Each structure stands twice: as C-alpha cells, then as structure tokens.
C-alpha cells in the first residue's frame, strides 16, 4: 500500500507532535500514575522480586540458578539508550518493551527477562509501571547478590507507543563504519545526536571498534559514547567493572542458529524472539551476543574479583564458539564456575572492552585505585548506578517513594527549596507595573522570558525557567540568548527585585526566576493592550534561584539551542533542513502542531527574533499581539523567491509591482507551504480569528512558562 512517505520521503513529519494522544492510551484521561505508585506496597513488590531471582523457568533456565545478571543487564540496557545531546532514550518511558528497542541485536534475550516479570506486573497492575519495574528489578538483583544500592525512585509513567527518535540512518543492523549512511566521518567523529557506535548497539562493540580487537582504540569509543550518555571516566570504569562483576555472556554455538528478532517473529512466538536451533536453544546452549565470557569466580555474588582477574593475568586473544573475538587468561587454572554443570570449570576470560579498563592509561589509573581500594569502587558503582537509572527523570520533585536518596546530586540540576512566603496576585500586579514603567520593551521582556523557559525538553525533563540559570554560566553567554541585551534586562530586573524585596515584611521575597517569567507575562499583556485587547496572562510563582555551584557548566552545554525556529535562529549550516529542526524543538517542548503554529506566529510579531532580524516579521505593528503573521503570510498578492546570495532566505514581493514587501526563512515559509501547516495557518489568518489567536497564544505561552513546574504537580 503506497503511502505519503513513499511518494515524498523528505516532506516534514508532523505525526511526531501528536503521539501520545489520549486515543492510544488505555488509561482514563484523569489517571495519575504518581498517585497509584504512592499507594503501592513497594516492600511487597521487592519480596516477590527477590523470590523470582532463583525461580528458574524451563523455557529460559537461570544461569547459576540466579537471574540476577540477566536482570542487571536488562536494567542497564533500559537506561543505556540515553543521549545527552537531545535527552532522548533512557529508562524513563519503558521503551525497551516497544519497537525498535525490543528487537535491537544488543537487546537479544531481554524479551525473556521481561517475560519473567509479567507475573509481578500482573499482580500489581497500574500501581507499578513497566518503566519503574525494569529498574527496580535491577536494584533487587544487585541487593540479592550482596550489593547495597544508593536508592531508588519511582515515578516513570508508562507510555503506549514507540517514541520518535533518530537512531541513525543505516539500513543494516550492526553496520560497520564508512557505509553509505555512516554515523562516523573524519577522525572517528560520531554524528550528533547519536551515542552508539553501530545501529542496534547500546554504546560500543564488545569486540572492539568496527570489530577490530584493540583495547586501546576500544577505550576511545567507550569514553566518547559514555560521555554522550553523561558519564565521566570514574563513572564509566565503575559501571563497566561493577556490571561485569556479575553473570556471563552467551555464545555457545554459531549465530546462524538464531532466528528472527521479536518484531519479525511469527505470531505463535507471542512476542518473544531469537529462537535458537542450537542444541536445546537455551540455558547451557544459549546464544545472545555470540561471546562466551564469565568474569568472576562467583558470578552470583558481589566480589572484588573483576579487578583481581583484570590485573592478575596476562591476556591472549581467542575466539568464542560462535567465532567472536575475546580474551583468555594465560596459564590460568580453571577457576570460574560453569553455569549449569558443577563438574566443569573454566579459565578467566574478558572482552576487548573490559581490557580497555587496564590498557587505556587514564582508565588504568582509576582501575588500579579501585583494585587497591575496593570500598571506593563499591561507592562509585552505587552512585553511578543510581545516576544511570535516574538521569532522565528530571527534577527531584518527580521522585517518588520511600527509597529516594536524601543526598542532592549535581547532575540533578538542583533547585533550592523555597522557605519564605510567595508573592500573591496584588504583588504580581505591582511588579508587572514596575517592569512596564522601567522602560523595558515588549520585545525585550518576551525575548528574555522565552530564552529562560524554552531550554526545557520533555525527553529527560531538563531545563526550563526554574532556577534562573539564564543568569549563570553558560546560559548567559549563549549566542541565541543575545548576551549583551540579556545582561541589560537582567540588571534592570535585578534592581526591581532588590527594591521590592527590600520593602517587604515578614520573609516575603520574589525570586529572579519568578520575576523573569512575570516580566515576560507583562510583555505579553502590554502587547495585547497595544493591539486594543484586554488580556490577563496567568502566572504561578514559586520558582527559586539556583547557584553557579549548583549548575554544572559542561552538563548545561547540551541544552544550548543551536537551532530555535521560534526565534528564527540557526547557529550554523546543518545538513537537516531548518523546518525539521523546528518540529524537533516543538517536540522537545511538548507542543502540538497547532500550539507550535500559534506560538511561532505570535513570537514573530512580538519581536522575539534573535538580533531583531526582520525575517518573518510580517506586520507593520511590531510589539502588538495580532494574527498579522498569518494574514500576511497567506496573502496571494505576494510572490516568494529564494535570494541569489542565500537559497535559505526568501523575498516576498508584490505580484503586480515587483516591490519588496517582506523577507523570510524556511521556518517562516513552511507555514505557507506544508499542506498541514498551511491548513492551521488558515484558521488563525481568517477574519473571525483575532480573539482566538490571542487566547490560544496566551495559553501556549503559559504552557511553556510552566513546563518544568513539577512542584505544582
């Protein structure tokens, strides 16, 4: 059946903005997962999970009689898809249970792991999400095997369809670099936003880069991909060596014995995949990655044996029974237990990427320190495990249940608690009048609030105006934020703030975070008045100001908007067309297509463009809140053509005279070209639509202003 994507494979895709509708959700529209979770008997769930660890099922027998290593890998892979570049992936949506991740080659046999958990899921129902369950199971696996975890938070609501993520452009699973759709160019430079070396891997190839078994070059891939997952060297070594303290890999026979992944399997497979024709196809005969490595002498118990083995032997390159590259300890005795036959022991083995932790010089120093100081290792691994499995959960306000660690961690972008009365409505009116009396213009107030609030992304719930980080490094210096203009607004607002706060009684004070937002609201009000409309814009106080010391400058860098169509900004030339980057930003903002449309057309007329660019400013009454963008964009009296200087800038001329009326970019003109966007623009450009436009603009403006307000959840 031929589709629109077949005929016009490059047209923009707006269905990414309309996922996750109430239509696909089986829960009623008022269901609140946090409320369900908070009444869960978490202790009961944990007891059942502890029981499960050693309850072997014959359709996928437990190695060593204990599923803990399998479950650790399952939770690690749940979390492991995370990319800092866009915040997409991670554990927080339970996406391992849907395509494509349920069928990635690196997730082979995790279908079995998930299926082992169905009885517990069934028993507790909506009070524990799959998303929470995968991580809690990993925690219980660790605790069961003698490792004390740093804590756990619930609150990951389940989702009900696949998330739209760019995972790469290869058309072949596990394609090595340099193909027609390579993710690598130059000196092994991985394309942003990707954080894995091959399509269908988590981070790196366990055999080495492009299959070449060099530990030193593998380390370079490890460092790069883990950094793209928000992890530094100490965290990386702790996580790899911690995880590989447990369990084993599976490669008992040739890979050609393994059949179709879950999404390809027949209907009778009932959602499982990778059925194997090798011997019994399971247990002792399992094939998952094709590697056959068991790291420690006690694979079901926390130990310090990983680093003892890593440093205590020299290593020889060998092949598994499936033909994959791996390492075996020279001259060792058979000291590692077999998973099924108590009469069999094996020599210590390692992956190429495990050897990276000894042969990369920076990792070697950490590894040695961990070998010499095992308590350091344990604490680092516990902290890293917590970070790995919570890094996409957002502010601490979203963390639920009795095991949330009290310690505030820098990567959580912490926001101080408020410990004073908040401004009320009379105070808000007094502050908005002060702001408008200061001389700050509508363009300045809207631009500033926009810059502050629009760093939010719903993928990992980072960013937003809470914290007033716009005033700190690095946000204060981002080009899109117009650092010189920004500084002047902030000084004026800080003086208003100081004067208001110094006049108060009791402890009442306004934060700068709240004042930035409220000043934006006053801008919008003023713009509506400029257009002859009375409009009140809603404002909710309660934001606090974070410090520079609470603000990791290197972690904040990934929030920098290099493309922000809402301010007609593009920091450089990119291969993806600007209108696709606009839709991508709208998705991170949680906007629908109508919301993106209304928002952009209003911002253009309020003066929110970077540098005061006239591109898309289709009005003769700038700083007035009108639907002029739409009415003028849709006027067939104007003809548009690209400029000779720049094919991405367009000139709009009177059709009859030739006279220049406007200029615009691709992000402006898409609204007149894309047949779905244009249908939305037509609603707002109609004669009956001015009041609708104003009211829909205020609603979407407020939405953006509140995106990070989980304190009001």
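Residue numbers count along the first chain shown, from 1.
Taking only CA atoms, the mean B-factor in the PDB entry is higher for 527 to 535 than for the other of 527 to 535 and 453 to 461. Of the two segments, 648 to 656 and 53 to 61, the one listed with the higher mean B-factor is 648 to 656 (C-alpha atoms only).
Between the residues 504, 96, 627, 475, the entry's highest C-alpha temperature factor is the one at 504. Across 243, 80, 168, 374, the entry's maximum B-factor at the CA atom is seen for 374. Per-chain ranking of the deposited C-alpha B factor places residue 590 in the lowest third. Among all modelled residues in this chain, the alpha-carbon of residue 546 has a temperature factor (C-alpha) in the lowest third. Placement of the Cα temperature factor of residue 702 within the chain: lowest third of the modelled residues, per the deposited record.
Per the deposited record, the Cα B-factor of residue 434 falls in the highest third when ranked against the other modelled residues of its chain. Placement of the Cα temperature factor of residue 668 within the chain: middle third of the modelled residues, per the deposited record.
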